[PDB]
């Protein structure tokens, strides 16, 4: 039931999504090992992901969380990078898209920094890189990220230098804690708490 609608580069929606992607690039402590060396992307396409069933599943859960949290879903728009991007847009998020080894337990991880999510496009630690060139810093192959609507509800704050949410909470917030430049990371434990709204196809660009 999923359809992908292309956004025109002239469309204001295209532009605000591209700005959030571009402006949330930062330097990483691995020096580019996992996600490659770049300061910006070449955006090739942005598509709206439309699936009535997944949307209703998301809104239903959103309403449950909101009613547990003084009518506040604490909804964010966050990046997600995964080798399973193609299953997620068709079937939604679930237990099979969890990161079992994650630092906040086995849940589904999301980032404010687009460049953090870029590190997982080819797998954990960037895996072995693009399938064509086996290169984690490939400047040629097309990459995809999701920009997702995520319900955090009451989020447990972890200061940091499928399982369950900590009791009384709906999510975990990974607060950046030595690297003063890093934005937060977030984890949910129910797939119904995210909807994959935009599919962004891009390349990382080699610095000149």
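Rigid core: the largest C-alpha set superposing within 1.5 Å between the two forms. Numbering follows the first chain given and starts at 1.
Asker: Looking at C-alpha RMS in 9 other deposited structures of this protein with the core superposed, is it 84-92 or 98-106 that drifts more?
Answerer: Relative to the shown form, the greater RMS C-alpha distance in 9 other deposited structures of this protein belongs to 98-106.
Asker: Would you mind working out which of 13-21 and 183-191 sits farther from this form in 9 other deposited structures of this protein by RMS C-alpha distance, with the rigid core as the fit?
Answerer: Between 183-191 and 13-21, greater C-alpha deviation in 9 other deposited structures of this protein belongs to 183-191.
Asker: Quick one: is residue 161 left out in at least a third of the other entries we compared?
Answerer: Yes, residue 161 lacks coordinates in at least a third of the other entries compared.
Asker: Neighbours in the displayed sequence, residue 161 and residue 162 may still hide a gap; how many deposited residues lack coordinates there, none, 1 to 3, 4 to 9, or 10 or more?
Answerer: Missing in between: 1 to 3 residues.
Asker: Pick between 24-32 and 163-171: the one whose mean CA B-factor in the entry is higher.
Answerer: The deposited B-factors put 163-171 ahead on the C-alpha mean.
Asker: Averaging C-alpha B-factors over each stretch, which comes out higher, 72-80 or 98-106?
Answerer: Stretch with the higher mean C-alpha B-factor: 98-106.
Asker: Among the choices 146, 152, 181, 46, identify the one whose CA B-factor in the record is greatest.
Answerer: 181 has the highest C-alpha B-factor of those listed.
Asker: When the deposited Cα B-factors of this chain's modelled residues are ordered and cut into thirds, is residue 11 in the lowest, the middle or the highest one?
Answerer: Highest third, going by the recorded CA B-factors of the chain.
Asker: Relative to the other modelled residues in the chain, which third contains the C-alpha temperature factor of residue 111: lowest, middle or highest?
Answerer: Bottom third by C-alpha B-factor.
Asker: Using the B-factors in the PDB entry, rank residue 52's C-alpha atom against the chain and give the third, lowest, middle or highest.
Answerer: As the PDB entry reports it, the C-alpha B-factor of residue 52 lands in the highest third of its chain.
Asker: Ordered by C-alpha B-factor within the chain, which third holds residue 128? Give me lowest, middle or highest, please.
Answerer: CA B-factor rank for residue 128: highest third.
Asker: Using the temperature factors of the C-alpha atoms in this entry, rank residue 62 within its chain: lowest, middle or highest third.
Answerer: CA B-factor rank for residue 62: lowest third.
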